[PDB]
Structures are given as C-alpha cells and as structure tokens.
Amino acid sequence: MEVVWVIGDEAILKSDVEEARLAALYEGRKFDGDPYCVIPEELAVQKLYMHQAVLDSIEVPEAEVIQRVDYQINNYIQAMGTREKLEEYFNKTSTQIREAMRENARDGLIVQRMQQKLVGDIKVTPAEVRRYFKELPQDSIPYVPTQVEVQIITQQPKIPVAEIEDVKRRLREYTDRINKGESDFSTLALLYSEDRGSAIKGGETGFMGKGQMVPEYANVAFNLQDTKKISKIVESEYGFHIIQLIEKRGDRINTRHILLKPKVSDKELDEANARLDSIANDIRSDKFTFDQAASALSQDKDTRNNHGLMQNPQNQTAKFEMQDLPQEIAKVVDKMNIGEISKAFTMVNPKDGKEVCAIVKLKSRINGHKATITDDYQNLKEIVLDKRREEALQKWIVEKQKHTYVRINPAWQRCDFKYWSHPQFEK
C-alpha cells in the first residue's frame, strides 16, 4: 500500500511523504518528535484546511495568485542574480516556472484565508501580554533586531524618442507585411516578439478573460471584429503590441500578439540617477524637504502619497529589519547615518520587474535591544497573538477530524499523533 493517509476522498501517498521529508532536509528542520509520524500528520492537517475551504467556498482570485507568483519570481531573480541563472537552476523557462508556482501559491493563500476565518477574532490585552512574558525565564526574552525606517524617491529612466520610434517603425512594417501576404503573424512573432511565453506559440496568448489582461490590451483586443485585422499599435506596461484575434469562445478571447520593448541603456540609467542626485542636492540645500520631494516628484505609486515612507509587508508598519529590505536598498542603507540621503542607485522593483532609479533617506535607526512592554509592545503582542491563534487552530483540527472521513495506513499505528488520539486504521 502506497496510501499513507486518507482525508475525505484525497490520499496522501508515500511519495508525498518522501517529498515533504526531503523539503524538511534542505530546510534543515530539526524534529523533537518522530519525523516518520510528524510529517504525514502535517500533510493531513493541510488537507483538512483545504477540505474546510471547499465547504466554506473560500476562493482566491486568480489575480492575487499571479501577483504573488510574480513577486516571488522577482525575489528569485534578485537572489539568483539574473533570470538566466534562475532558469538554469530550476532547469525551466521563466514561464514554465510561473506555471509550476501558481498551484502552490493558490493553495498557500487558500489555507491562509481559511485560517484567518477560523481564528481572526482572537484578541489580546496588554495585561495578557505582560503576563505571558513575566511568566518565563531570563534567557527567553525576545531580542528586537535593529530596525530602520526608510523614505524613497523613484524615477523610471526615460526612453529616447528615437528608440520608441524604432519600435513603432518595426510594428508598422510587421503589420504591413502581414497584411500584404509577405509574412505570417506567427513567423514574425517567433522571430521578433519579446513576450517569450507567447512568442514560441507564434504569439498565441491562449484564452483569457478581460480582467486577466492589462487594460490597454483588453480594450483593444475585445474591439477586434475578425481574425484578419491587426490592431493599431497599443502601449502597455510591458511595451508595444500589435494584436490579432484568434477566437471569441464564451466570455474569454484568444489572441496572438507581437510585443516589442524599447531598450534602456546605461546612458539613460546614468541620466536618471543624475536627475535624482540633483534632487538630493536641492534637499541637502534645504530648497525643499524630502517629504515634499517624494510627494511631488516620486514615481513610486505605493509610497508617494505618504512622503515616500516605505511599508514593510512583514509587520504592516514602516519598521524594517535589514533583511526585510530590497537587497539594493539594504546595501545602501547599511552604510548610512540617520537623516542622510543616498547617492542615486539603480534597482529592480520586485512588484513589476522594472529597472527604476531611486534615492533613499534613512528616517530612523533603532539599534537591537531586548524587548520592553513600554517600547516594543507590538513586537511582544504579535508573539502572544500568534500563540493564541495556534492554540485555536489546534483545537479546531481536533473538532474537524471528528467530522471528516479519515483513514490511516496501519504501518503508522505505533505513532503518537498530535491531533488524532484513536484514528481508524483501514486504508
């Protein structure tokens, strides 16, 4: 029997157990209990969460999944240096990797939504936080690492007019030759489209709903009346497109396109950093403040409406630990004093993959310290919250399994399970 554990009508196989044990190996996990038992149980607990999510119609919009995937890929490229390495390491194209990653990202987001629903109304009082910590040893006080607040001003490099014109020239030439029967759309996309994932399919996107396309493309694509007409040149965040309809099939359209990207050179990166260094010089001269410069001059959508103050996705606040910072910013900030404004530097923003130029100001640095209830409340509070959430989820698991079909491979009957006191050993 290759079946280890059944939850509802879903089986956990010995191969699933092996994969999870290897993942624990590479992560260097250390086990207080027996990993032979602990891992299959963890795999079953995951199935309980997904099972409840089906019953409760907890769904994650595809949009949010693709955003998380793109965020991870961008972090991956930062860690690996280049896209080309990342592709070698996984031994797959960037688009193959995106496909593989979406399942795991969706499921992760489903479980998180299921858990928030189950244990989101848990609150803790200051008195409760104090108690939790008063009641523990001396060496077990949590250390708060050095945390910085950082303000940023960003600017995209400018594309020279001649380069935009060169892109438009080629797209009108491709358009002309296809119209005149001299070249077919798929061949020109294979040769020239810079959307790698669709280019290898002769430009074909596959079927897509209107909200699943960037809006400039959606606008143009749903106005196409037949499978012969080539759209006008349309600019998106990805670059410049010409679009041809393949098929309207329901509410979704399949199209093919050729994407051309205007080139950014070192020359334009240098010029953008120079405009930012000039802005920094005016701030050092007190012609205007950093707050005003961010609100008036920054192109960073996320921060420009709040004086360029960067928000940490980890803790929901402005406080970053150095490792929670984009790697190019961390390296600059590390050498900086409070109130300093950095030299302008190029970075790749992780939300969209685009090279931007930035200056940062170190608003504040609080050196590492042992936490206090007076000054590190949020830090201590989150610790206690997370423990009470965990205790609630454990209680929930025990209730849920009593209301769910479960069968365990009898080769695991000797196990001490966390959540099952007398499981049924059939399958």
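The first residue of the sequence shown is number 1, and the count goes up from there.
Colleague: Averaging only over Cα atoms, indicate whether 324-332 or 193-201 has the higher B-factor in the PDB entry.
Modeller: On average, C-alpha B-factors are higher across 324-332.
Colleague: Averaging CA B factors per stretch from the PDB record, which one is higher: 299-307 or 86-94?
Modeller: Mean C-alpha B-factor is greater for 86-94.
Colleague: Among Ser186, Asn223, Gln292, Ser140, which residue carries the highest C-alpha B-factor recorded in the PDB entry?
Modeller: Each of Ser186, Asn223, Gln292, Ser140 was compared by C-alpha B-factor; the highest is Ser140.
Colleague: Between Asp107, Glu163, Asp352, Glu173, which one tops the list for C-alpha B-factor in the PDB entry?
Modeller: Of the candidates given, the C-alpha B-factor peaks at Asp352.
Colleague: What third of its chain, lowest, middle or highest, does the C-alpha temperature factor of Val214 fall into?
Modeller: For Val214, whose C-alpha B-factor we compare with every modelled residue in the chain, the answer is the middle third.
Colleague: Split into thirds by Cα B-factor across the chain's modelled residues, where does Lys158 land: lowest, middle or highest?
Modeller: Middle third.
Colleague: Divide the modelled residues of the chain into thirds by Cα B-factor and specify which third, lowest, middle or highest, holds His241.
Modeller: It belongs to the lowest third of the chain when residues are ordered by C-alpha B-factor.
Colleague: Ordered by C-alpha B-factor within the chain, which third holds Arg102? Give me lowest, middle or highest, please.
Modeller: Highest third - that is where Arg102 ends up once the chain's C-alpha B-factors are sorted.
Colleague: Test of reading the entry: by CA B factor among the chain's modelled residues, which third contains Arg389?
Modeller: Middle third - that is where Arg389 ends up once the chain's C-alpha B-factors are sorted.
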